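K.L.:
Have a look at this one.
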Amino acid sequence: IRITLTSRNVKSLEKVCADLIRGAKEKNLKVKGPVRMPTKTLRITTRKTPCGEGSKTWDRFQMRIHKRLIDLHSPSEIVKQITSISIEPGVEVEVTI
Amino acid sequence: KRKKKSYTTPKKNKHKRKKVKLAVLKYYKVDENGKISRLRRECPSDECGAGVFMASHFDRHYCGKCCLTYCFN
Amino acid sequence: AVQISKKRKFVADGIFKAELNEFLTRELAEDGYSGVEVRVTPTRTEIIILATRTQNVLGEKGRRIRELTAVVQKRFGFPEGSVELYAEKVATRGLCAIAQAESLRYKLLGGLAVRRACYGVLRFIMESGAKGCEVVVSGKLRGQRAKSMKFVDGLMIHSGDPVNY
Amino acid sequence: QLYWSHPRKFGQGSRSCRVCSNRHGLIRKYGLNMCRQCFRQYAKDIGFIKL
Amino acid sequence: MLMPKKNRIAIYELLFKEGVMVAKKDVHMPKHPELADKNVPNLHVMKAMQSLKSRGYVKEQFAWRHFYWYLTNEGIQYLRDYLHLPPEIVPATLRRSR
RNA sequence: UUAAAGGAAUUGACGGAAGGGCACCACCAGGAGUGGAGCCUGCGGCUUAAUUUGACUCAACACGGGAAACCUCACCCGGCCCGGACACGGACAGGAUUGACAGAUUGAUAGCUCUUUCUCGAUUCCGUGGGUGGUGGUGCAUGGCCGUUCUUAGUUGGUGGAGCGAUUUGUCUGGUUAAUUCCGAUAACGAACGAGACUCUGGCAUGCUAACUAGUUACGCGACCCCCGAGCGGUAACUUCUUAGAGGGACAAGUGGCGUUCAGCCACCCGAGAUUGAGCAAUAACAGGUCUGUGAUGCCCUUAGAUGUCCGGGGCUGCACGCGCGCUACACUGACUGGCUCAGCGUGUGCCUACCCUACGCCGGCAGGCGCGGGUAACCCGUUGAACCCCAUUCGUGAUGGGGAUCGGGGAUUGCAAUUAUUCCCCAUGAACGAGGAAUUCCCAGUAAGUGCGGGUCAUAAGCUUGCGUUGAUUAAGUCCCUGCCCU
Ligand SMILES: [Mg+2]
Ligand SMILES: [Mg+2]
Ligand SMILES: [Mg+2]
Ligand SMILES: [Mg+2]
Ligand SMILES: [Mg+2]
Ligand SMILES: [Mg+2]
Ligand SMILES: [Mg+2]
Ligand SMILES: [Mg+2]
Ligand SMILES: [Mg+2]
Ligand SMILES: [Mg+2]
Ligand SMILES: [Mg+2]
Ligand SMILES: [Mg+2]
Ligand SMILES: [Mg+2]
Ligand SMILES: [Mg+2]
Ligand SMILES: [Mg+2]
Ligand SMILES: [Mg+2]
Ligand SMILES: [Mg+2]
Ligand SMILES: [Mg+2]
Ligand SMILES: [Mg+2]
Ligand SMILES: [Mg+2]
Ligand SMILES: [Mg+2]
Ligand SMILES: [Mg+2]
Ligand SMILES: [Mg+2]
Ligand SMILES: [Zn+2]
């Protein structure tokens, strides 16, 4: 049974990961590590101008999608208890049994 | 810009479609002062000819609502 | 029964944020509008309007906030009361530059000329804890040519990364 | 009455933008529909930074 | 020029039930997507709501493709004219508040 | 006849005046080239019923990510629709407002119109006021954005002197740096915006934190050969290799010299690095461009036979010429064939409204078709088995087998339709081009150049552009002579 935590920024990602570690390592659960995924980047290049004057000056917009996975083998009643967390809004939670 | 769309006029005048009829339309006929004689043709049962009659033509027949086409020699 | 990728759901949520925020700043231009914060909970999607004059958001009899909740629900597809709105009061009026420009707009509309309006907003922002402010008003300002009227007071950082926050 | 011909299911005319129904400039396929002139102003709202 | 008669009573009944209407810019010429709630796509909705936005009954807001129609208290005072036909029922906007 | 003319003096602005500096969009010593030929694609001019349009030295000319079969399309040719909101008012049809079958005309089975006559139900049609739309004009009315000045280092206030005062010193003789960055002398002091500092990528490392959506050592299942415990591949622990969190690590610090105590330059070691590349980026302008990005907009024009909006075509491509950015060659350091061998960014499905990425097996010579499977993704393509390169054969200085322009025939793919343009494959036709005058563009180390891949355009789709990888130099670390700019 795995849980995917995918956040917008790495600071809130590490804060909710530290909260999950602090709320999980006291129970009788063999907690697997927050497996680091490679950072995804959506690169968009923009002309910067509505009309064609000047040099070829381009905006380069990027995001940094950070993804983490955790593994917790347990009955399904424990997963719903762990899931109830007062969480940062920039964090997305998925479960997979 | 300088080229102005002017009326070259090979086609002088045309008018819109104006629906004109007579004053009143009597589809029925009085027999024996109370019995109605049907003159025009009805439409067959395809949920169209419950109150819709056909129009006279040289060789065709036409329904009003659902536009049913009929032809007979 | 449908799903989209992580690389597209993020930009769809970001376009949702910008769409909702700028629709609310285009229809809630009357009161003091600051911004929105959307919490994603699959039982109840929470939308918090941070605003200055929250009395207009609360409405007369709890009218306008429920009406705009219906406005969100009848397009964005969340039946059964999934979308729930909450208004927050911004007591620091001189903190939000969006609210300051939104209040400067209604003073520039009905009379209340540009010199008096600019010094009146600069005195308020400088009194409300801010270390510096700059108001740039440009356009047709008493003449055919576009005279740029700029006013700067206090301290202002222009270059580098921490300008954005 | 012939109201809708020329079905416009492909190409440049089928791409109608999300911002102002602009169709002259191109519209990207990233899960995104912008006009490339408003994308600069609205990237800081939808979540793109310059770096 | 008229639609079937169910169209007008359906769109004003939906406005009676909710008070919020939304349509998009796409007037029938490239593509024909129908309304997400009813049968008539965009143009009959605009023809029904232009008589309300022109007389000052229902306010108009535009967002990026979409016409949102907004309810006024004087809007309800002139929806009394529509309320001539059903019994007097206030929709779920002004009556109660949870 | 006029309410100014005039005199010192301050700050801008200007100069075709002087001095000092900076820049590889300036040069020296060089490299690649362009300008020469062919082709691709814009511009001017021609031609045309239309060949839409703006932009014209850097700061226009593969720019509007502008790669058009209709779409895009704003230009011509012909033809439908009102979405004419809303008020008063004309007929109000004793309730007749819009929709069409067959024939003619027209691409049309468009009731566009005509012959014909059924249907729809008080929302109509017309007029009088007003309203909407416009990729119509006006960027010299404008907002916003971008470019340029300027990627150069330049601007301002508080106290204090100098002057009656606007103002000036601060904000500078010299040295140094990429820098108004400091030391210094000092009528100046503490200081601000900017440059740095800020953020990201790249470079290091740990028995720190940890991973069956990423690997390693042993080990068993298990294929092969010598047969001599060995060797290469397929299917219980730890993060060294793949990825990412924090912290550390580099500061001119250690030494010697050059320097006024100095600010600072030069040579070496330790080190992975003696400092890499970007983003943001001061006051202030250009009367630079965008109303053709917007439901951002002022003014003017049209609004029912329409500059509104639909349908079918043509056009933007049209060539006696000139110019710019580019692609390919002019061969032997090379072309042909066969074998061998290595990547990294990033993208990919049932999407806020119509849609891919592709493994396998078969058929076909090929471009391609058919059936099935996986992937909403470190899972599948994919251990991206790329090009260049390495080895061997053929050619032998011939416009040759280099170059593949032009042109003929055939076959498949997407599209509803590619013909006065698709695209690809097969055969064939086989031009100029023998390293390019006058001039001109870019560049100081994983850099130029060779070479391929991904995205943007898309449905079929690059020679454009943005990023990524592979191979990978010769020259400088200097100056004010050419050009441009800054300061007194
Ligand atoms: Mg102006
Ligand atoms: Mg002016
Ligand atoms: Mg300005
Ligand atoms: Mg265009
Ligand atoms: Mg004088
Ligand atoms: Mg030059
Ligand atoms: Mg060219
Ligand atoms: Mg020409
Ligand atoms: Mg040109
Ligand atoms: Mg241009
Ligand atoms: Mg025109
Ligand atoms: Mg136009
Ligand atoms: Mg104008
Ligand atoms: Mg004095
Ligand atoms: Mg001075
Ligand atoms: Mg590794
Ligand atoms: Mg400036
Ligand atoms: Mg508007
Ligand atoms: Mg060329
Ligand atoms: Mg080429
Ligand atoms: Mg698509
Ligand atoms: Mg040919
Ligand atoms: Mg496409
Ligand atoms: Zn748009």
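By convention in this document, the chains of the structure tokens carry letters A, B, ... by their order, each chain's residues are numbered from 1, and ligands are numbered from 1 in the order they are shown.
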Find the residues of chain A in contact range of chain F, meaning any atom within 6 Å when counting only C-alpha atoms (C1' of nucleotides), and list them as number ranges by chain.

P.N.:
A: 33, 35-36, 38, 49-52, 54

K.L.:
Any chance you could tabulate, as CSV, the residues of chain B at most 9 Å from chain F with each one's nearest atom pair and distance in Å to one decimal, using only C-alpha atoms (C1' of nucleotides), in chain and rising number order?

P.N.:
residue,atom,partner,partner_atom,distance
B:7,CA,F:305,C1',8.3
B:13,CA,F:305,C1',8.7
B:14,CA,F:113,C1',8.1
B:15,CA,F:113,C1',8.5
B:16,CA,F:113,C1',8.9
B:17,CA,F:113,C1',8.7
B:19,CA,F:96,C1',8.2
B:20,CA,F:96,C1',7.7
B:21,CA,F:96,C1',7.0
B:22,CA,F:96,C1',8.6
B:23,CA,F:96,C1',8.4
B:24,CA,F:94,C1',8.3
B:52,CA,F:119,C1',7.7
B:53,CA,F:118,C1',7.1
B:54,CA,F:118,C1',6.1
B:55,CA,F:118,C1',5.1
B:56,CA,F:117,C1',6.8
B:57,CA,F:116,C1',6.2
B:58,CA,F:116,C1',8.0
B:59,CA,F:102,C1',7.7
B:60,CA,F:102,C1',6.2
B:61,CA,F:101,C1',7.0
B:62,CA,F:101,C1',5.3
B:63,CA,F:118,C1',6.5
B:64,CA,F:119,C1',4.2
B:65,CA,F:119,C1',5.4
B:66,CA,F:119,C1',8.9
B:67,CA,F:100,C1',7.1
B:68,CA,F:101,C1',7.7
B:69,CA,F:101,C1',5.8
B:70,CA,F:101,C1',8.3

K.L.:
Write out as an MDAnalysis selection string each polymer residue whose atoms come within 9 Å of residue 24 in chain D, counting only C-alpha atoms (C1' of nucleotides); drop sequence neighbours fewer than 3 positions from it.

P.N.:
(chainID D and resid 12:13 27) or (chainID F and resid 72 135 293)

K.L.:
Would you write out those residues with N, CA, C and O atoms (P, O5', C5', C4', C3', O3' and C1' of nucleotides), as a PDB file, in the first residue's frame?

P.N.:
ATOM      1  N   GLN D  12      -5.965  25.391 -38.135  1.00  0.00           N
ATOM      2  CA  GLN D  12      -5.816  26.637 -37.392  1.00  0.00           C
ATOM      3  C   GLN D  12      -7.163  27.185 -36.933  1.00  0.00           C
ATOM      4  O   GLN D  12      -7.264  27.745 -35.835  1.00  0.00           O
ATOM      5  N   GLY D  13      -8.204  27.032 -37.756  1.00  0.00           N
ATOM      6  CA  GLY D  13      -9.500  27.590 -37.416  1.00  0.00           C
ATOM      7  C   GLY D  13     -10.181  26.885 -36.261  1.00  0.00           C
ATOM      8  O   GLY D  13     -10.957  27.502 -35.525  1.00  0.00           O
ATOM      9  N   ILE D  27      -1.788  28.506 -30.624  1.00  0.00           N
ATOM     10  CA  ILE D  27      -2.236  28.103 -29.301  1.00  0.00           C
ATOM     11  C   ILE D  27      -1.529  26.798 -28.973  1.00  0.00           C
ATOM     12  O   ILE D  27      -1.626  25.828 -29.736  1.00  0.00           O
TER      13      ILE D  27
ATOM     14  P     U F  72     -10.969  31.516 -40.393  1.00  0.00           P
ATOM     15  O5'   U F  72      -9.384  31.591 -40.280  1.00  0.00           O
ATOM     16  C5'   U F  72      -8.747  31.395 -39.027  1.00  0.00           C
ATOM     17  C4'   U F  72      -7.253  31.543 -39.130  1.00  0.00           C
ATOM     18  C3'   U F  72      -6.754  32.838 -39.748  1.00  0.00           C
ATOM     19  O3'   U F  72      -6.731  33.916 -38.831  1.00  0.00           O
ATOM     20  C1'   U F  72      -5.597  30.986 -40.690  1.00  0.00           C
ATOM     21  P     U F 135     -11.915  42.777 -35.200  1.00  0.00           P
ATOM     22  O5'   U F 135     -10.404  43.069 -35.600  1.00  0.00           O
ATOM     23  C5'   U F 135     -10.081  44.172 -36.439  1.00  0.00           C
ATOM     24  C4'   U F 135      -9.412  43.733 -37.719  1.00  0.00           C
ATOM     25  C3'   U F 135     -10.251  42.856 -38.647  1.00  0.00           C
ATOM     26  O3'   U F 135      -9.982  43.204 -40.005  1.00  0.00           O
ATOM     27  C1'   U F 135      -8.262  41.711 -38.033  1.00  0.00           C
ATOM     28  P     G F 293      -2.110  42.470 -33.020  1.00  0.00           P
ATOM     29  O5'   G F 293      -2.852  41.602 -31.914  1.00  0.00           O
ATOM     30  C5'   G F 293      -3.668  40.497 -32.273  1.00  0.00           C
ATOM     31  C4'   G F 293      -4.434  39.994 -31.081  1.00  0.00           C
ATOM     32  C3'   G F 293      -5.316  41.027 -30.393  1.00  0.00           C
ATOM     33  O3'   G F 293      -6.597  41.134 -30.989  1.00  0.00           O
ATOM     34  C1'   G F 293      -3.962  39.950 -28.782  1.00  0.00           C
TER      35        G F 293
END

K.L.:
Find the spatial neighbours of residue 107 in chain F, counting only C-alpha atoms (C1' of nucleotides), within a cut-off of 12 Å - ignore same-chain residues fewer than 6 positions away - and output them as an NGL selection string.

P.N.:
:F and (78-79 or 311-313)

K.L.:
Between CA of residue 43 in chain D and CA of residue 18 in chain C, what is the distance, to one decimal in Å?

P.N.:
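Going from CA of residue 43 in chain D over to CA of residue 18 in chain C, I get 8.9 Å.
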
K.L.:
Can you list every residue of chain C that has an atom at most 9 Å from chain F, with its nearest atom pair and the distance in Å to one decimal, using only C-alpha atoms (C1' of nucleotides), ordered by chain then number, as JSON lines?

P.N.:
{"residue": "C:2", "atom": "CA", "partner": "F:350", "partner_atom": "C1'", "distance": 7.8}
{"residue": "C:3", "atom": "CA", "partner": "F:376", "partner_atom": "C1'", "distance": 6.5}
{"residue": "C:4", "atom": "CA", "partner": "F:376", "partner_atom": "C1'", "distance": 5.1}
{"residue": "C:5", "atom": "CA", "partner": "F:376", "partner_atom": "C1'", "distance": 4.6}
{"residue": "C:6", "atom": "CA", "partner": "F:376", "partner_atom": "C1'", "distance": 8.0}
{"residue": "C:8", "atom": "CA", "partner": "F:351", "partner_atom": "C1'", "distance": 8.9}
{"residue": "C:12", "atom": "CA", "partner": "F:352", "partner_atom": "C1'", "distance": 8.9}
{"residue": "C:76", "atom": "CA", "partner": "F:352", "partner_atom": "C1'", "distance": 8.2}
{"residue": "C:138", "atom": "CA", "partner": "F:143", "partner_atom": "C1'", "distance": 7.9}
{"residue": "C:139", "atom": "CA", "partner": "F:142", "partner_atom": "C1'", "distance": 6.1}
{"residue": "C:140", "atom": "CA", "partner": "F:142", "partner_atom": "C1'", "distance": 6.7}
{"residue": "C:144", "atom": "CA", "partner": "F:141", "partner_atom": "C1'", "distance": 6.0}
{"residue": "C:145", "atom": "CA", "partner": "F:141", "partner_atom": "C1'", "distance": 7.0}
{"residue": "C:146", "atom": "CA", "partner": "F:142", "partner_atom": "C1'", "distance": 7.2}
{"residue": "C:155", "atom": "CA", "partner": "F:192", "partner_atom": "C1'", "distance": 7.7}
{"residue": "C:156", "atom": "CA", "partner": "F:193", "partner_atom": "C1'", "distance": 7.5}
{"residue": "C:157", "atom": "CA", "partner": "F:193", "partner_atom": "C1'", "distance": 7.2}
{"residue": "C:158", "atom": "CA", "partner": "F:281", "partner_atom": "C1'", "distance": 7.1}
{"residue": "C:159", "atom": "CA", "partner": "F:281", "partner_atom": "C1'", "distance": 4.6}
{"residue": "C:160", "atom": "CA", "partner": "F:280", "partner_atom": "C1'", "distance": 4.7}
{"residue": "C:161", "atom": "CA", "partner": "F:198", "partner_atom": "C1'", "distance": 4.9}
{"residue": "C:162", "atom": "CA", "partner": "F:198", "partner_atom": "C1'", "distance": 6.5}
{"residue": "C:163", "atom": "CA", "partner": "F:280", "partner_atom": "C1'", "distance": 8.2}

K.L.:
Atoms to include: C-alpha atoms. Write the selected residues as a tab-separated table (two decimals), in the first residue's frame.

P.N.:
chain	number	residue	atom	x	y	z
C	2	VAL	CA	-11.32	9.92	-16.35
C	3	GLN	CA	-7.85	11.06	-15.32
C	4	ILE	CA	-5.12	13.35	-16.65
C	5	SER	CA	-1.39	13.50	-16.07
C	6	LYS	CA	0.41	15.27	-13.24
C	8	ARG	CA	-1.34	18.76	-17.03
C	12	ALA	CA	-5.19	23.09	-15.27
C	76	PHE	CA	-16.86	24.34	-13.00
C	138	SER	CA	0.14	57.63	-16.84
C	139	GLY	CA	-2.18	58.42	-19.72
C	140	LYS	CA	-4.02	61.46	-21.01
C	144	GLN	CA	-3.25	65.60	-25.66
C	145	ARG	CA	0.18	64.11	-24.97
C	146	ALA	CA	0.57	61.32	-22.41
C	155	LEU	CA	12.58	53.00	0.20
C	156	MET	CA	12.05	50.63	-2.73
C	157	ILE	CA	14.05	47.64	-3.97
C	158	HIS	CA	13.88	47.12	-7.74
C	159	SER	CA	16.36	44.36	-8.67
C	160	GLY	CA	17.09	40.80	-7.58
C	161	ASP	CA	15.12	37.74	-6.56
C	162	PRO	CA	13.35	39.02	-3.35
C	163	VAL	CA	11.51	41.80	-5.21

K.L.:
Which protein, DNA or RNA residues have an atom within 8 Å of ligand 23, counting only C-alpha atoms (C1' of nucleotides) and all ligand atoms, as JSON, numbers by chain?

P.N.:
{"D": [11, 29], "F": [457, 458, 459]}

K.L.:
Take the residues just selected and output them with N, CA and C atoms (P, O5', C5', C4', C3', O3' and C1' of nucleotides) as a PDB file, in the first residue's frame.

P.N.:
ATOM      1  N   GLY D  11      -6.812  21.867 -37.893  1.00  0.00           N
ATOM      2  CA  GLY D  11      -6.100  23.005 -38.440  1.00  0.00           C
ATOM      3  C   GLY D  11      -6.081  24.213 -37.516  1.00  0.00           C
ATOM      4  N   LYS D  29      -0.122  23.262 -27.146  1.00  0.00           N
ATOM      5  CA  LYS D  29      -0.728  22.004 -26.705  1.00  0.00           C
ATOM      6  C   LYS D  29       0.099  21.485 -25.533  1.00  0.00           C
TER       7      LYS D  29
ATOM      8  P     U F 457       2.114  24.002 -31.132  1.00  0.00           P
ATOM      9  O5'   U F 457       2.039  24.306 -32.690  1.00  0.00           O
ATOM     10  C5'   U F 457       1.832  25.630 -33.152  1.00  0.00           C
ATOM     11  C4'   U F 457       2.208  25.766 -34.602  1.00  0.00           C
ATOM     12  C3'   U F 457       1.601  24.737 -35.542  1.00  0.00           C
ATOM     13  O3'   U F 457       0.291  25.081 -35.962  1.00  0.00           O
ATOM     14  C1'   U F 457       3.933  24.970 -35.972  1.00  0.00           C
ATOM     15  P     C F 458      -0.993  24.575 -35.137  1.00  0.00           P
ATOM     16  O5'   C F 458      -1.832  23.739 -36.196  1.00  0.00           O
ATOM     17  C5'   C F 458      -2.228  22.409 -35.903  1.00  0.00           C
ATOM     18  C4'   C F 458      -1.490  21.420 -36.766  1.00  0.00           C
ATOM     19  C3'   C F 458      -1.664  19.956 -36.407  1.00  0.00           C
ATOM     20  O3'   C F 458      -2.897  19.406 -36.834  1.00  0.00           O
ATOM     21  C1'   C F 458       0.619  20.398 -36.798  1.00  0.00           C
ATOM     22  P     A F 459      -3.972  18.924 -35.740  1.00  0.00           P
ATOM     23  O5'   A F 459      -4.734  17.707 -36.435  1.00  0.00           O
ATOM     24  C5'   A F 459      -4.581  16.369 -35.963  1.00  0.00           C
ATOM     25  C4'   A F 459      -4.084  15.437 -37.044  1.00  0.00           C
ATOM     26  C3'   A F 459      -2.575  15.459 -37.270  1.00  0.00           C
ATOM     27  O3'   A F 459      -2.129  14.171 -37.699  1.00  0.00           O
ATOM     28  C1'   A F 459      -3.676  16.185 -39.237  1.00  0.00           C
TER      29        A F 459
END
